[PDB]
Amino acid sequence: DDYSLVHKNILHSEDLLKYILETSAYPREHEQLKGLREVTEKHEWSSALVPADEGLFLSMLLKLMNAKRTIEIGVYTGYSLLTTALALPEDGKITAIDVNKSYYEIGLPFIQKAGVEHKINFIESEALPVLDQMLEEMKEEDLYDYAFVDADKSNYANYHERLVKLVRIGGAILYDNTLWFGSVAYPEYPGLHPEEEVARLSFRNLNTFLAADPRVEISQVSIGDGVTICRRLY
């Protein structure tokens, strides 16, 4: 974590974010999500964690659209994955993909105690080959309702070209961190780790592309670090 941006907020004060979390998020957070978050807070990459207010937003979307089959790309310790698994019905199904299974094992005991591991097919791999392989075998009747994209930041455009064919018409594709700590707002942004700058430029290009992509409708939402919701049109 030699990164520069980890502690930057997109909201105007730490006090405002704290108010949201303490008033509206933590009281509604499943005990196993609380447990998973607290153990993840001890980890070196805790800054990658999907925050608790964003989690409840993901859950609300899944329930409002009556999602049943989803894909979760970029799992880390499993906060967004457990959010999804708790939101789905008892017979819901999730394909979860991450290059690093050791991160998943940090949160897996909490997923198991929540009683939802049976919904999850965890695949340890880089996401792009898995999505390529899904496209070759995907039957139209098995298209996903919802995809959450939170893996290699520099690769979101490549994920998008597969996902617009893997989610159903009317299904949702959510891209996490599309404001990149607010640093996308300017053509140049000093002081970044070179990997952070790669990600920043990738998101500026992605945001412009998705706003013109005729295959989806979009809504960029200033929650967490920015989330762009895409809905497949055809």
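Sequential numbering from 1, following the sequence displayed.
The PDB entry reports B-factors from which the mean C-alpha value can be compared for 76-84 and 108-116; the larger average falls on 108-116.
As the entry records it, the average C-alpha temperature factor is higher for 152-160, out of 89-97 and 152-160.
Highest C-alpha temperature factor among 63, 193, 34, 28 per the entry: 193.
Residue 11: CA B factor in the highest third of modelled residues in this chain (values from the PDB entry). In the PDB entry, residue 140 places in the highest third of its chain by CA B-factor. When the modelled residues of the chain are ordered by their C-alpha B factor, residue 169 lands in the middle third. Compared with the other modelled residues of the chain, the Cα B-factor recorded for residue 49 ranks in the lowest third. Split the chain's modelled residues into thirds by C-alpha temperature factor. Residue 134 is in the highest one.
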